[PDB]
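Residue numbers (UniProt numbering), protein chains in the order written: chain A, 177 to 302, 317 to 542, 555 to 757, 765 to 895; chain B, 177 to 302, 317 to 542, 555 to 757, 765 to 895; chain C, 177 to 302, 317 to 425, 556 to 757, 765 to 895. C-beta atoms are modelled at their ideal positions from N, C-alpha and C, and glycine is treated no differently. Accompanying notes for the structure given below.
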Amino acid sequence: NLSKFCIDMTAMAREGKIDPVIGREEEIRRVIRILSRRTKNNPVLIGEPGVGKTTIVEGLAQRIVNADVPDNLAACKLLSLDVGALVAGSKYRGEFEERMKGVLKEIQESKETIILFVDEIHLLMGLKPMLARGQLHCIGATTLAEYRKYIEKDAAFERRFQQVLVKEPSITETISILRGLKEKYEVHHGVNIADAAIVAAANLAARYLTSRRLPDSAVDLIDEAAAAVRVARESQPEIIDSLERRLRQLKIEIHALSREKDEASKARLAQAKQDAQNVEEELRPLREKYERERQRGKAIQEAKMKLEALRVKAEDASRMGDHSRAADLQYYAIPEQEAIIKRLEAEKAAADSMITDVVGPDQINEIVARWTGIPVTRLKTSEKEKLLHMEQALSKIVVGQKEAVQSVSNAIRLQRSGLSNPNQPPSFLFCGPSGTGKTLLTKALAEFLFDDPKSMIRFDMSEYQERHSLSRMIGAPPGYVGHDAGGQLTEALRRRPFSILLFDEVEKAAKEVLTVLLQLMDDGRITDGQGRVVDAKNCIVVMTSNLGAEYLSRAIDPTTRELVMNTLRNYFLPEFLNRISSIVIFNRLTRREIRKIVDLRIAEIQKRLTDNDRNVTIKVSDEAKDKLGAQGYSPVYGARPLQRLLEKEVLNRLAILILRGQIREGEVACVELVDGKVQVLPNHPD
Amino acid sequence: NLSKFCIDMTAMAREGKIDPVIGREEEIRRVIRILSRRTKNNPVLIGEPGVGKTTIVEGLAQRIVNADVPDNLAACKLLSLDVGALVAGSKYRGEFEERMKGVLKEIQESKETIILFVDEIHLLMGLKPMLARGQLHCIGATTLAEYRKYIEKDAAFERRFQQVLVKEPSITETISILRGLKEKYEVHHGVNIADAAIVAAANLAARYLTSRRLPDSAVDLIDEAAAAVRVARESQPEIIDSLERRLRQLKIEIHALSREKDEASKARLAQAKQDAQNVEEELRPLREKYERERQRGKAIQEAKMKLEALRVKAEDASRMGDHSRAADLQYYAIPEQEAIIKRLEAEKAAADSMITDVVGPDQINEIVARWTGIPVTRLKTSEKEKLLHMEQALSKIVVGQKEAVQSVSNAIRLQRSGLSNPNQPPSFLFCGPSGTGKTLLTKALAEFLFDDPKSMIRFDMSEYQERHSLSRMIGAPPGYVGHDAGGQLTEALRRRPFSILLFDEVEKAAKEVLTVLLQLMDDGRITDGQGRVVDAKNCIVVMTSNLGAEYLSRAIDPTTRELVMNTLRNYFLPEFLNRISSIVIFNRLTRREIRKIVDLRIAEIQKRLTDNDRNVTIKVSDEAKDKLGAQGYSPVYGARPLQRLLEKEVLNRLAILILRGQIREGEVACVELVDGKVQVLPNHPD
Amino acid sequence: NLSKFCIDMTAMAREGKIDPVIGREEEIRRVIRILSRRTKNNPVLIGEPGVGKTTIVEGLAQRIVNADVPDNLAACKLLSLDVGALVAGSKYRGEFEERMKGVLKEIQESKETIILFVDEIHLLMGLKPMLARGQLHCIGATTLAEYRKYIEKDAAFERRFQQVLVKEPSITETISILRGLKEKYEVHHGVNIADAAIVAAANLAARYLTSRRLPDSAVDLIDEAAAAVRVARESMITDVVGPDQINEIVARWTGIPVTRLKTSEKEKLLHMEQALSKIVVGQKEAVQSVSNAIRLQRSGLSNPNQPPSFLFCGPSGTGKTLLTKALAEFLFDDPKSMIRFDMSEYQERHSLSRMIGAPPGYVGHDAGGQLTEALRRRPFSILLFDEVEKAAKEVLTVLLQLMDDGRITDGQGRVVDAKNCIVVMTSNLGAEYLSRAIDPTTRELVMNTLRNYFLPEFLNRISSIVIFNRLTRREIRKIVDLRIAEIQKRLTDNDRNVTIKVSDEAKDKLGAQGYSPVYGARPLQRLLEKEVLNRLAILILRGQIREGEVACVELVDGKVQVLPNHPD
């Protein structure tokens, strides 16, 4: 028989080597209905890669072999066969097609109803399975795109098929499947785990390592964690290996002195004999407890092995009816094995590097850290304390609208508390003069709430005032030219959902993209031109304005607030306008805060000084700062100009004397001013 | 036992036949972890060609042989693959399929857990060993390119592997691992090397030999140094070999004197032969000293080899139960023989005005010059001396915009200072009239900085207002031509990391090309059609405009500069014009500096004259240059027409007179403006 | 012992059967260095056919035999199999590989230090001793191309090797190499030669026979000299070799009088106007202009890497085509040295692929490179291009990137040499501004209407700026007289002898007639030819105008007609 390429699922099912599936049953029954459906028997599943749609097929087969299934299909069997393996048969398609017809017939001339799951089904593209008229069955599963690319472009084949979707499970579903496979994996490493670590780890992978999808992601996370900790238990303790290297060098010394004959040699001979003694009679306690734990875990492993083997054999026999041996094996070998395990556990509990075989969340934390280099500190923060401190925290970054800060704070608070629409994320639309750090405000926001620069994006609506600009920016359905670039916005949502959304020049926008953004607000997602309606619940969305700022006199009054109220209600649909978290405003910039910013400026300057060993002592006279500020305020950009202004107007002469070294190590940057012109004074000429 | 293709690494390990390896350890530990995992034991590596990926594998094996790996690995046998051998078997799948299975089968025939690392794994893709998970075990390694080409195609492998890239090592790490090597390398060629020399050498290769990567390159450099040494000797001493050069010259004397048939010739032949005897009597003592000391070195290294032999012998003896034999060997045979070899070393060191024969920075520098041909003095100036004297040398090329010289100089300082943005490369937008040498300015600038014409590249947005042009300028996904040739910027940055980047007439650019350039300004690198990023921190950029010509009317005035600033604000983004390093400004030329650059031209001319045999001085009348300038000042195109003007005007008649016979050598080109046209006074008639 | 396939160079070294070329020592040093490369001992030499880098390895063997080598290499036996020596005894690749193993067994047998060489060593790819860790030593050489084709593929091999470029030998160095060979060959034949004549010969082989390669080509020359001798001396007294015989042979391979070769190339320079006048007439200004330009070229005072270039503005054939011709046949002394190129077909972007090439996987790239093989086979030549302004802008781009640098990339992936080329663009985009008469305005008008067409600096890398005119009626008649002269020549070619008597009346008639504002009267050449050849041959095959009998080419009643001397 040419079962060469085939793999009998039902075999391992009876064998029980297949992993125990969990959850997602209604889908299974849907599959069933599709099978017994006459017109198009074809279950053709679709989902994102890696999710182990495979796992789902196998779980259905598992449910099958228990015979609690469609009767007309209970007598049927399932098996896999890699299409790549079939085309691995030969090099050329011609001789290959002989193998293929062999496949189609070999199953055809099979007097027992058995079905094949054609994984990666689309690869039929590269046909013969027009033989499908009920005499046979298949099972389809592959990604959406290529399905639309080839299957959707074949009527006859497809009018005989029925797309099946795959929802991506959520946190709780992880919790389920992970708690399930916990025992299996712990055995395969002979280890222990606690739950809260699993919970966190799941959430964490969900948050940051997101180039892949739930849930197998957090699974392999568990994997690597357990591997690392199992490597540590498998490895000798640091005291043990140091002891052993020591004693090796100790017997080295002992005998090297046994060669020489002089009183010092014999002295350190006896001394190194005592050394090797001490170390050996100390290690053999620790050495032997290490060995004992090795043996304990060993016995544990093999006991679980025979335990589950008996379990699967007994389940098989019960499915058969071999009652006598089934019952005796069950109520004899299971209980004694339980006793074995419980006395093993008792002795391990009494055993008190002695590492806790149980893993810890901190472990996963370190792992994800080296996965993304992100400071471990920020991770172990539950996203709650930061909330109870974010307000003043970000105040410590920029100042100027305490009220705006605390407002957006309350907004995100009400989001995370879950006291609103749980699907439409909070939305933001600013107004006021640039220079404050509005951008920078959002920036600190992100790197505090997602802890990443790239978490920010940028959108400037002059670039988005043509309807076709909208088209390209959201991408177009594959039937259009936008198929080669797609939607940068959309694709950004894809790659990193937990991120931030900037929008600017919104006054200069096209009305249509304005409306699709309004939808996004009320949608919490966007129906792409392709069908992948990608969530936004992990997003933050900001729009910019500076128009009414012409009202801003240095001074907060409600009067001007209503001024710009109308000044905006005119601009956009008041219903649309009802979709901000709350109206976001600004104000003028009194001198005091500006010179405070100057203090922050000289601060980051001293920071740059600290970046290297160079001690430099910035002495900004009060009046220095005073002139700096009083000069560089921009009625159009505030200190954004003044920033680089002072940057130049110090860094120049600073680096001058630095290159010159005339102001030497440990010296003082006496930041001086000369008659209305700032001039730091060199401690010396050449 | 098809060991025809089995090739063990642990063997050469067991004889120290591969040197130790430094750093990279956390990598190894990660690899171990992955090998332990239950999901996809087989990890994958990504890095630059042959950069020591192999070294990581073999060093892991080294760790193995000396009892640090865990038990599962303590039971591992590991080896490399006759990959190319099976690629070289037969051009059709055929029998190397079958031999491949045989060894694959031969794998199953295993006492302990056999591990087969494989490189180039793409070679099997462009599926056969899809048979047994758990039986076989490899490690993955190739180029990221190959990763996406074949790794990411077969979903099976995609679930069956996990990648671990390889960051490029850094310079200090180079220094360390090179000390390590240095030990064994000198042992191979018995000549000492200044550590600091090696440090230089590494930095040098890093700065210029971008063909390969760090550190292998600088390794080869040290090797070239050892080579230059061993060839300054001839398996000899080096001063002995230079006296052998002198002795070969003495033999030339001997033969050229036997050539002459007289008595004094034979007498001075005997003189040369006595000199030959004396150079021999000094040749010998130090030559046999050299032979003896290299024999002493092999004594040392074979003593260390036996040391490793007995060490690992005591290791696998405690594994078997015979640690006493190798124990005693280490105890007694090792220290005493090592001591007597050290005694031979001390006595030969005692056998040692004065003369040097060990490596120094000089020879390294000379070799790198020979490799690139750059002057040794140019290498050794250091990014410090030029900063103290650049402005001078630059003025030695063109002048007039002294302010801008100063400015760009401070900018380069800032970079080298590091006090500025530690990553943002410098950036300067040229503004002024063409026809002075803005181009020339930047040219000589670079050739003073990196000392390379080709270190400069020029770009003009005239062919960039299109999308496909942006693509070609950066590249594209494979379904395009942008993949072919990639992008000019990225390909250049690769081909030369240190450079300057001209973008002339940028005011005509497509604003999305402007966007990618702005990224370059603010990334330190760039994301491409392949997504990969290449650092430009060690690079700078150039872009020019010529709008201000409106305001161009000589007297430096500020009022115009803000007009220009807004003129370009309306052309680009505000922050874009702020993410720059500094604004650039130009102007017209003073008639005096005009005449000056003309004097420089005629200097070039007389230089070209003394290049050939024509020593014809030129009496360029004041009127000559005055009229030439009055003509050649093109208010449209500066004086970039002027040199051509003057050469067409005079140089032609010059060469004409010189060759037609109107000039004999050594003459004076007494050239004089006569009636609006400069006609040199005929030095000799037709 | 299957050491037959290799050859112990060190043996003939001991037997002294070897004669070292000299120079290139530094390269041999490089070799030694890599022979000390503990990492990749095996280098790879790279050069060109004829240079017989075999020479180089033999010289290394020389430095072996006299014990003048690094002793780490003292006992090394240097032998070299031929890959062909194994292509012969091969009933199949297995048997090929069989003998491979067999010798390699003897080879891998580590008796003493031994080093191998293989010519065309790339051929081993298309290998078996990939087993070679470097415990052994080898060396080889080939062209860059197949090296990149085969050795670039494997990581292992390519890494184990070191690419070394032999480089082109200096002309002065070749004379020194000839010297060292002189006595040897003379012994081989019993002859003597003047060193200076030999130097001449060298320079000649340089200027021609580019098919071959120095210096071994110049050797071949000297061998031919010795041959002529071994004829003569054995057929006062004739015993030595003058330049004469060299000249005989260079002629026998080019068909040119020694006169045109015994030149020193200065008088021709000083008298190009003479020849031109005797060929072309009507643009004396451009004549002297280009003369001084190419002089400056040869003067050395020119830019060392700026080959010439000459603007054309005037009708076609008027002499300018004939000009280009004379330029070739007088400077480089070959008609075919001109390679036309109609830019009218190069107004397309794909014409870049069609001319120089494009990325290798295209259809036009194979047509490309027309300049590449041209220069490789013809260094001393000229590059004609017609109405270039219409040609595609990337075509003009690559043409510029040639003319400035005297070198340009190709679609194949290389930058050819052009240090003996001449740039030629030709059109009459503003010639219609003119009459039969010179006014600088119309001249300056064309100046503008052409400098506009591109970067005027693109025109300002041209060696000059040159126009043409509409010939004067009198010099029109002059070139007419030239024509009728070559026609009477053609008459004298065959024994039928008849006197062309072109009346000044018929002269004016034909001239003015064929004079047209398009090409002047170049088609009139064929027109008047029809007018004469027809009638003269009519009377030739009729028996009217016999030998010597006059051909009064006379204009009768506004229609030129030769009066039939004797009616039928």
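Where residue i meets chain B, residues with beta-carbon distance less than 8 angstroms
i: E414(A); result: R209, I210 and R213
i: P246(C); result: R420, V421, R423, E424, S425 and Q426
i: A189(C); result: The contacting residues do not exist; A189(C) stays about 18 angstroms from chain B at best.
i: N779(C); result: The contacting residues do not exist; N779(C) stays about 13 angstroms from chain B at best.
Neighbour list for residue i in chain B, Cβ cutoff strictly below 9 angstroms
i: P679(C); result: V683, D686 and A687
i: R615(C); result: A864, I865, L868 and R869
i: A460(A); result: Per Cβ cutoff of 9 angstroms: no residues; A460(A) is ~16 angstroms from chain B at best.
Residues near residue i by beta carbon distance below 7 angstroms, same chain, minus five either side
i: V578(B); result: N567, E568 and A571
i: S671(A); result: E665 and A712
i: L399(C); result: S407 and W573
Contact list for residue i against chain A, beta-carbon separation under 9 angstroms
i: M320(B); result: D258, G260, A261 and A264
i: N625(B); result: Result: empty, since nearest Cβ-Cβ is about 12 angstroms, beyond 9 angstroms.
Residue i, enclosing alpha helix (DSSP H) - first and last residue
i: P894(B); result: Element bounds for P894(B): n/a, residue is neither H nor E.
i: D724(B); result: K713 to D725
i: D247(A); result: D247 to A250
i: residue 546(A); result: There are no atomic positions for residue 546(A) here, as chain A continues from 542 directly to 555.
Beta-carbon contacts of residue i that lie in its chain and below 6 angstroms, excluding the five residues immediately before and after
i: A687(C); result: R674
i: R849(A); result: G637
Partners in chain A for residue i, counting only beta-carbon separations shorter than 7 angstroms
i: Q520(B); result: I442
i: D542(B); result: Ordered by position in chain A, no residue passes the 7 angstroms Cβ test against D542(B), which lies about 31 angstroms from the chain.
Cβ-based neighbour list, residue i, same chain, cut-off 8 angstroms, excluding 5 preceding and 5 following
i: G885(B); result: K836
Residue i: first and last residue of the uninterrupted beta strand (DSSP E) it sits in
i: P219(B); result: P219 to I222
Partner residues on chain C for residue i, Cβ-Cβ distance less than 9 angstroms
i: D410(B); result: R213, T215 and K216
Exercise. Given 8 angstroms as the limit, is there contact between the stretch 320-339 of chain A and the stretch 218-230 of chain A, that is, 3 or more CB pairs closer than that?
Worked result: yes
For this session: Could you name each continuous alpha helix (DSSP H) segment of 4 residues or more that falls completely within the stretch 810-841 of chain C, going from the start of the chain to the end?
Result: Within the stretch 810-841 of chain C, the runs of alpha helix (DSSP H) that reach at least 4 residues and sit entirely inside it are, in chain order, 831-841.
For this session: State whether the stretch 831-843 of chain B contacts the stretch 854-865 of chain B, with contact taken as three or more CB pairs (one from each stretch) at a distance under 8 angstroms.
Result: With a cut-off of 8 angstroms, the stretch 854-865 of chain B and the stretch 831-843 of chain B count as touching, because enough Cβ pairs lie within range.
Exercise. Of all the alpha helix (DSSP H) runs that stay within the bounds of the stretch 583-618 of chain A, which reach a length of 4 or more residues?
Worked result: Qualifying alpha helix (DSSP H) stretches, in chain order: 587-597.
Problem set entry | Contact the stretch 247-254 of chain C vs the stretch 330-345 of chain C: 3+ CB pairs below 8 angstroms | no
Exercise. At what residue ranges does the stretch 774-804 of chain B contain a whole run of the alpha helix (DSSP H), taking only runs of 4 or more?
Worked result: Listed in chain order, they are 783-787.
Exercise. Do the stretch 375-395 of chain B and the stretch 237-246 of chain B meet, that is, are 3 or more Cβ pairs less than 8 angstroms apart?
Worked result: no
Problem set entry | At least 3 beta-carbon pairs within less than 8 angstroms: the stretch 476-493 of chain A vs the stretch 524-540 of chain A | yes
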